[PDB]
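1. Whatever this is, show me its structure:
(chains A and B)
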2 protein chains.
Amino acid sequence: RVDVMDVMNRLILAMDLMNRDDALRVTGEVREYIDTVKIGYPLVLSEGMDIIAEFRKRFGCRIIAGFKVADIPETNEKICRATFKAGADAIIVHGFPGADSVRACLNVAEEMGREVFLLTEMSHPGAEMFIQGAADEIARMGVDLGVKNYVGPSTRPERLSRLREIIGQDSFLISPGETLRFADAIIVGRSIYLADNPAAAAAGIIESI
Amino acid sequence: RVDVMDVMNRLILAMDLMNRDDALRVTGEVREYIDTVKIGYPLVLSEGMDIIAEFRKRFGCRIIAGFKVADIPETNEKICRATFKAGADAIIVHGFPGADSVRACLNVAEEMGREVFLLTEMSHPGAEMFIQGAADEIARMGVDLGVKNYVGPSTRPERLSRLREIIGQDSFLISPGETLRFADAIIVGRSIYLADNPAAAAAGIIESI
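-> Numbers count the residues shown, from 1 in each chain, chains lettered A, B, ... in the order given. Take a look:
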């Protein structure tokens, strides 16, 4: 869809390394396979938010801040503004804190011309306690608020299908082969940056697509 | 109790200002009324994590990182280690993501000799959608995992009483008058740092204790 972002090769690199040198080095090794990188708190808190602008300038890539914002409205607003001011193209936000906390983020993204991704569900074991049960309602809340970008789990294909059903075919969905039957792009981390050779690892993944 | 932290005047300053100069200036104006300060992402993302060590050295205060960590276990571990390495004495973590995500934090705090505060419930309007309904279970999860420090709402005292009932009289509880009947310490922000004179504002609050 013309109004949703285009992720090269439908592959997003989750750059979870905490060392600036390593993060930039490994990303450089696979720069030809991706144009979108997700950066989280581990790297940003260890090296500073300036690392976001460094990635955009060194690789000409889109940066998604995988912060999973989950604070009160006023604080969410401040976190989003600081993150977008640092150059992030998009930010990932939790939906469990409610609609006002999500809208606070949407307001800033609108103002600054950036994007908000709503995290509807997580896949780690502990997600079963409260997150799994609220997933459908969180996705629906996003749809009702005009959210266009979503993050959903990949571990269970049928769950990604359910999410796609709720958000519709128009929405943009990313998830951490069959996954791409429902998601627009997949997020890969360790499988690439920890492999003996990240390039071959990334190349292999894309070939499967 | 002797095994729980002692917060001077039972008052914790929520330093939410995003400007280093202002945050340090206003904190300096009220330094005589508190020995514990809560710092969040707005300030840290805007000025860098080094600001935590700067506060501890300039004021000799305890720093609680009000990050409300809500990621997967591996990432929570990394966020906690980075935050504690930066000097934070404690970190606030969400319980909605489940037990493994909380334990990941507990592991790092144990290793580094720091503290974890479990956020059981929030008070902003949107909290009623999913957070309010999971609060009791989250508090019980904390108790079952040996969590000693908790953060609860202050808007509704009967809710604070319920939380105190679940965590017991031995647990340490902080909440953002009657509040101190159940909470060990109160967290005050805007009322202090935004007031015409934060010193008089802080002094007034304490006098009521």
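2. Could you pull out the strands in chain A for me?
-> A:11-15, A:36-39, A:62-69, A:90-94, A:115-119, A:149-151, A:172-175, A:185-188 (DSSP state E).
3. Kindly present those as CSV, with separate columns for distance to residue A:166 and mean neighbour count.
-> All C-beta atoms are positioned from the backbone trio N, CA, C, and that covers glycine. Converted to CSV, the strands of chain A look like this (distance: least, C-beta to C-beta, whole Å; neighbours: other C-beta atoms under 10 Å in any protein chain shown):
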stretch, distance to residue A:166, mean neighbour count
strand A:11-15, 22, 24
strand A:36-39, 23, 24
strand A:62-69, 20, 26
strand A:90-94, 17, 26
strand A:115-119, 11, 24
strand A:149-151, 9, 26
strand A:172-175, 10, 24
strand A:185-188, 18, 21
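4. can I get these in a markdown table with distance to residue A:26?
-> Formatted as a markdown table, those follow (distance: least, C-beta to C-beta, whole Å):
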| stretch | distance to residue A:26 |
| --- | --- |
| strand A:11-15 | 7 |
| strand A:36-39 | 11 |
| strand A:62-69 | 16 |
| strand A:90-94 | 21 |
| strand A:115-119 | 23 |
| strand A:149-151 | 22 |
| strand A:172-175 | 20 |
| strand A:185-188 | 12 |
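5. Need the ones you listed in a markdown table (columns: distance to chain B).
-> Listed next are the strands of chain A as a markdown table, based on distance: least, C-beta to the nearest C-beta, whole Å:
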| stretch | distance to chain B |
| --- | --- |
| strand A:11-15 | 10 |
| strand A:36-39 | 11 |
| strand A:62-69 | 6 |
| strand A:90-94 | 6 |
| strand A:115-119 | 9 |
| strand A:149-151 | 12 |
| strand A:172-175 | 14 |
| strand A:185-188 | 12 |
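6. So for residue B:108, which of the ones you listed sits nearest?
-> Closest approach to residue B:108 among the strands of chain A (C-beta to C-beta): strand A:62-69, 18.0 Å.
7. helices or strands up against the closest one?
-> Contact analysis of strand A:62-69 by 3 or more C-beta pairs under 8 Å, 6 or more residues apart in numbering or on different chains; DSSP states H and E lists strand A:36-39, helix A:50-59, helix A:73-85, strand A:90-94 as its packing neighbours.
8. Out of those, which is the most enclosed?
-> strand A:90-94 (a mean of 26; mean count of other C-beta atoms under 10 Å in any protein chain shown).
9. mind listing what it pairs with, with the direction of each?
-> In the sheet, strand A:90-94 lines up against strand A:62-69 (parallel), strand A:115-119 (parallel) (DSSP bridges).
10. Ok, which of those comes nearest residue B:119?
-> strand A:62-69 (14.1 Å).
11. any idea of the angle the closest one forms with helix A:73-85?
-> Angle, strand A:62-69 to helix A:73-85, by axes from the mean of the first three to the mean of the last three C-alpha atoms, to 10 degrees: 160 degrees.
12. contacts for strand A:62-69?
-> A:5, A:7, A:12, A:14, A:35-41, A:44, A:52, A:55-56, A:76, A:79-80, A:83, A:87-94, A:101, A:105, A:117, A:119, B:70-71 (C-beta atoms under 8 Å, 6 or more residues apart in numbering or on different chains).
13. Return the residues in contact with residue A:16.
-> Residues near residue A:16 by C-beta under 8 Å, 6+ apart: A:40, A:42-43, A:189-190, A:193, B:75, B:78.
14. related to what we said a few turns ago, may I see the strands paired with strand A:90-94 arranged in CSV, with distance to residue A:146 as well?
-> Converted to CSV, the strands paired with strand A:90-94 look like this (distance: least, C-beta to C-beta, whole Å):
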stretch, distance to residue A:146
strand A:62-69, 18
strand A:115-119, 10
